[PDB]
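Data first, discussion second: the structure below is written as structure tokens.
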Amino acid sequence: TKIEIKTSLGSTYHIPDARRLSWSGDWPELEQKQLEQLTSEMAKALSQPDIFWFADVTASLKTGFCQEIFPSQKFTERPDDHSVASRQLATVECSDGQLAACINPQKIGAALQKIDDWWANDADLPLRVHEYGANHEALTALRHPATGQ
Amino acid sequence: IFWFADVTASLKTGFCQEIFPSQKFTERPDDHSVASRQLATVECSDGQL
Amino acid sequence: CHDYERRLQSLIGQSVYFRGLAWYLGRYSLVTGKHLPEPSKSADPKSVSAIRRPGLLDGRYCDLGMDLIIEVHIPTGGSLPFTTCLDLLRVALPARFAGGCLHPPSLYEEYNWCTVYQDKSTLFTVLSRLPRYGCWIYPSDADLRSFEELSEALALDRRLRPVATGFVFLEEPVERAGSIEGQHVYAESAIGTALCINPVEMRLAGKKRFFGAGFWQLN
RNA sequence: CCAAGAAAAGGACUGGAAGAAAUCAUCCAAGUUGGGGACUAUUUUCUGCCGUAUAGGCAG
DNA sequence: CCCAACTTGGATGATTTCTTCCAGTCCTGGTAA
DNA sequence: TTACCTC
């Protein structure tokens, strides 16, 4: 997997191979460095007004012969017809009129904000930020009101 | 037992003798442009029929 | 138009005011289905570690591609027609539109998406070049007082569409507990109409009709 | 100060079995394309020598 | 460059259109005593 | 702490 980023300030970043970068650990040289530079652009954008910033993120995937792809799924009613699909996938209309597979904005978003490893003084894996510390995999909550957290 | 046979025959013919291949099953046309009797063919790997 | 005006006004010391706003439609795609709400509601207030879903609504959503032509006016005799102001016009641009998310054209193919004209002849000439499959939306003249009158008007034309136009008051503004800011009033939705005009029709109508009829305002 | 402000639809699959479109059938008759004409112009390739020599090499 | 561009007689007959058994869930409401 | 209902 290769990742490439351009921004409105003229910078460009390139990860030659993203498959090994962990949450916890230390990155290889000429990768750790790009993380520092990107951090600076964003740290500013987040807090100082009157700066226009805009980013364009592309990636490439090397695949198998006929590999299956997993786009976002729609939320639906059960059809009563038996001629209508029970599992329907999300697509986007292209400028030429054809449809293409896509991933929804809020699904990209939920991934980007998965940064909370501040709970219970034991980092584990990070959670999607939520007022109550919701844990979807275990169907529970890590900052239950009863704890004061 | 994986048994195969390969059968070939040769026909010695007349000068321009007519040949009788299989016909297709069709419905009565009304366009007056399509043949009323249509014959079955195959396509070769090079495009010839 | 107004949230955009307020943001720009906090950046430029001079008074800036928007008389009119125009709307053009290049792409319109209907999206099926409905959004799932975040689990923001505890199943029980105390002694329970289960999270419930607030409820579900049935709405309709779409993706747009559109251009805007805003009539910008500066009260002061001396104006600021400079690169600095073009940057400030890019910064002031809101991120929210019609409940959805608004973005500029993609970076890898960027051109000057934020130009300014002080000539009707140059601006109209460039606008006549737009693709034939798009729509300009114009204000209508007809007065309708019922759905039956609307049915007849829509049967006769092919360019006429109903639109939501604003609100009609049920009472005079008063002070009321729970108001976000100042006075509060109840209202019912106002249903009105508009026309859909092809780029080919204004190539022929001329700049005179376009700048007289093609711009919308409040009141 | 945009029916305002925030939102992860996710998980599992094995439609298979058999088959025969045939019989005949005829596109014919005549027919008139046809009379005229500047590619050379303000262009460059001219004069001697070696050599049995319209071979093959050199000075202007 | 310049002038023309075609009439006519006609366009099918027989009988048949298949079968077996199935059709999944689960989390997602206010209101009162 | 319990149940009651829209073609």
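Letters A, B, ... go to the chains of the structure tokens in the order shown; residues in each chain start at 1; ligands are counted from 1 in the same order.
Interface residues of chain C facing chain E, defined by any atom at most 12 Å away and using only C-alpha atoms (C1' of nucleotides), are residues 36, 37, 38, 39, 41, 43, 50, 51, 52, 53, 54, 55 and 56 of chain C.
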Considering only C-alpha atoms (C1' of nucleotides), return as a PDB file with N, CA and C atoms (P, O5', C5', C4', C3', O3' and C1' of nucleotides), in the first residue's frame whatever protein or nucleic-acid residues lie within 12 Å of residue 95 (chain C), sequence-local ones (same chain, fewer than 2 positions apart) excluded.
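Contents of result-v9.pdb, as written:
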ATOM      1  N   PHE A  52      -6.267  29.291   5.224  1.00  0.00           N
ATOM      2  CA  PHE A  52      -7.066  28.356   4.479  1.00  0.00           C
ATOM      3  C   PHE A  52      -6.122  27.186   4.293  1.00  0.00           C
ATOM      4  N   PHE A  54      -6.201  22.925   2.892  1.00  0.00           N
ATOM      5  CA  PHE A  54      -7.010  21.978   2.166  1.00  0.00           C
ATOM      6  C   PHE A  54      -6.046  20.898   1.769  1.00  0.00           C
TER       7      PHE A  54
ATOM      8  N   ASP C   3     -24.087  34.476   6.112  1.00  0.00           N
ATOM      9  CA  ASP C   3     -23.034  33.927   6.969  1.00  0.00           C
ATOM     10  C   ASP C   3     -21.684  34.201   6.285  1.00  0.00           C
ATOM     11  N   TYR C   4     -21.626  34.090   4.956  1.00  0.00           N
ATOM     12  CA  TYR C   4     -20.440  34.384   4.145  1.00  0.00           C
ATOM     13  C   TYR C   4     -20.024  35.874   4.213  1.00  0.00           C
ATOM     14  N   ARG C   7     -18.561  36.695   7.850  1.00  0.00           N
ATOM     15  CA  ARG C   7     -17.183  36.197   7.932  1.00  0.00           C
ATOM     16  C   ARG C   7     -16.226  37.137   7.203  1.00  0.00           C
ATOM     17  N   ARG C  90     -11.579  33.540  -0.092  1.00  0.00           N
ATOM     18  CA  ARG C  90     -11.422  32.077   0.045  1.00  0.00           C
ATOM     19  C   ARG C  90     -11.574  31.602   1.497  1.00  0.00           C
ATOM     20  N   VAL C  91     -11.077  32.352   2.477  1.00  0.00           N
ATOM     21  CA  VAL C  91     -11.110  32.048   3.919  1.00  0.00           C
ATOM     22  C   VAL C  91     -12.514  32.189   4.496  1.00  0.00           C
ATOM     23  N   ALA C  92     -13.219  33.250   4.130  1.00  0.00           N
ATOM     24  CA  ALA C  92     -14.555  33.514   4.625  1.00  0.00           C
ATOM     25  C   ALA C  92     -15.567  32.447   4.175  1.00  0.00           C
ATOM     26  N   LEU C  93     -15.298  31.664   3.123  1.00  0.00           N
ATOM     27  CA  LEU C  93     -16.259  30.727   2.540  1.00  0.00           C
ATOM     28  C   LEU C  93     -16.707  29.678   3.583  1.00  0.00           C
ATOM     29  N   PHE C  97     -23.645  23.720   3.836  1.00  0.00           N
ATOM     30  CA  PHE C  97     -24.611  24.302   2.893  1.00  0.00           C
ATOM     31  C   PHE C  97     -25.822  23.381   2.914  1.00  0.00           C
ATOM     32  N   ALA C  98     -27.028  23.913   3.081  1.00  0.00           N
ATOM     33  CA  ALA C  98     -28.274  23.135   3.012  1.00  0.00           C
ATOM     34  C   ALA C  98     -28.268  21.860   3.884  1.00  0.00           C
ATOM     35  N   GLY C  99     -27.535  21.876   4.997  1.00  0.00           N
ATOM     36  CA  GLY C  99     -27.363  20.743   5.901  1.00  0.00           C
ATOM     37  C   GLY C  99     -26.265  19.753   5.521  1.00  0.00           C
ATOM     38  N   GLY C 100     -25.634  19.913   4.361  1.00  0.00           N
ATOM     39  CA  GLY C 100     -24.595  19.023   3.856  1.00  0.00           C
ATOM     40  C   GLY C 100     -23.221  19.672   3.954  1.00  0.00           C
ATOM     41  N   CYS C 101     -22.223  19.100   3.286  1.00  0.00           N
ATOM     42  CA  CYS C 101     -20.842  19.567   3.375  1.00  0.00           C
ATOM     43  C   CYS C 101     -20.393  20.181   2.054  1.00  0.00           C
ATOM     44  N   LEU C 102     -19.826  21.382   2.098  1.00  0.00           N
ATOM     45  CA  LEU C 102     -19.424  22.162   0.932  1.00  0.00           C
ATOM     46  C   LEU C 102     -17.916  22.098   0.739  1.00  0.00           C
ATOM     47  N   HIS C 103     -17.471  21.810  -0.484  1.00  0.00           N
ATOM     48  CA  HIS C 103     -16.058  21.811  -0.865  1.00  0.00           C
ATOM     49  C   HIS C 103     -15.828  22.572  -2.163  1.00  0.00           C
ATOM     50  N   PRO C 104     -14.669  23.286  -2.252  1.00  0.00           N
ATOM     51  CA  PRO C 104     -14.029  23.792  -3.480  1.00  0.00           C
ATOM     52  C   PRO C 104     -13.703  22.713  -4.519  1.00  0.00           C
TER      53      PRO C 104
ATOM     54  P     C D   2     -27.699  29.958  10.093  1.00  0.00           P
ATOM     55  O5'   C D   2     -28.245  29.221   8.790  1.00  0.00           O
ATOM     56  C5'   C D   2     -29.483  29.605   8.201  1.00  0.00           C
ATOM     57  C4'   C D   2     -29.787  28.814   6.951  1.00  0.00           C
ATOM     58  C3'   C D   2     -29.746  27.293   7.105  1.00  0.00           C
ATOM     59  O3'   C D   2     -30.729  26.698   6.255  1.00  0.00           O
ATOM     60  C1'   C D   2     -28.190  27.964   5.461  1.00  0.00           C
TER      61        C D   2
END
**Message:** Residues of chain E within 12 Å of chain B, counting only C-alpha atoms (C1' of nucleotides), what are they? List them as a PyMOL selection string.
**Reply:** chain E and resi 11-13
Determine which residues of chain B sit within 7 Å of chain D, taking into account only C-alpha atoms (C1' of nucleotides), and present them as an mmCIF file with C-alpha atoms, in the first residue's frame.
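What ended up in selection11.cif:
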data_model
loop_
_atom_site.group_PDB
_atom_site.id
_atom_site.type_symbol
_atom_site.label_atom_id
_atom_site.label_comp_id
_atom_site.auth_asym_id
_atom_site.auth_seq_id
_atom_site.Cartn_x
_atom_site.Cartn_y
_atom_site.Cartn_z
ATOM 1 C CA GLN B 23 -30.779 -25.835 -39.185
ATOM 2 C CA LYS B 24 -31.767 -23.355 -36.504
ATOM 3 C CA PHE B 25 -35.223 -23.417 -34.933
#
Please report, as a Markdown table, each residue of chain D lying at most 12 Å from chain A, together with the nearest pair of atoms and the separation in Å rounded to one decimal; use only C-alpha atoms (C1' of nucleotides), and order rows by chain and ascending residue number.
| residue | atom | partner | partner_atom | distance |
| --- | --- | --- | --- | --- |
| D:6 | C1' | A:130 | CA | 10.7 |
| D:7 | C1' | A:106 | CA | 8.2 |
| D:8 | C1' | A:107 | CA | 5.9 |
| D:9 | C1' | A:75 | CA | 5.5 |
| D:10 | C1' | A:73 | CA | 8.7 |
| D:11 | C1' | A:87 | CA | 11.9 |
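Between CA of residue 5 (chain A) and CA of residue 58 (chain A) the interatomic distance comes to 6.4 Å.
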**Item:** Neighbour list for residue 137 (chain C) as a VMD selection string, cut-off 10 Å, only C-alpha atoms (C1' of nucleotides), skip fewer than 5 positions in-chain
**Value:** chain C and resid 22 to 25 159 to 161 194 to 198 214 to 216
For the residues in the current selection, export C-alpha atoms as a CSV table (one decimal), in the first residue's frame.
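That gives us selection-v5.csv:
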chain,number,residue,atom,x,y,z
C,22,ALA,CA,-28.0,34.0,-8.4
C,23,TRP,CA,-28.2,30.1,-8.6
C,24,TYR,CA,-27.1,27.7,-11.5
C,25,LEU,CA,-27.5,23.9,-11.6
C,159,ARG,CA,-40.2,25.0,-17.1
C,160,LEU,CA,-42.3,25.7,-13.9
C,161,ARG,CA,-41.4,24.1,-10.5
C,194,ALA,CA,-39.7,29.3,-9.8
C,195,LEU,CA,-38.7,28.7,-13.5
C,196,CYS,CA,-36.0,26.5,-15.0
C,197,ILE,CA,-34.3,28.2,-18.0
C,198,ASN,CA,-31.8,26.5,-20.4
C,214,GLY,CA,-31.7,36.7,-13.2
C,215,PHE,CA,-30.9,37.8,-9.6
C,216,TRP,CA,-32.9,37.0,-6.4
**Asked** Would you list which chain A residues are within 12 Å of chain E using only C-alpha atoms (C1' of nucleotides), as a list in words?
**Response** residues 78, 80, 81, 82, 83, 86 and 139 of chain A
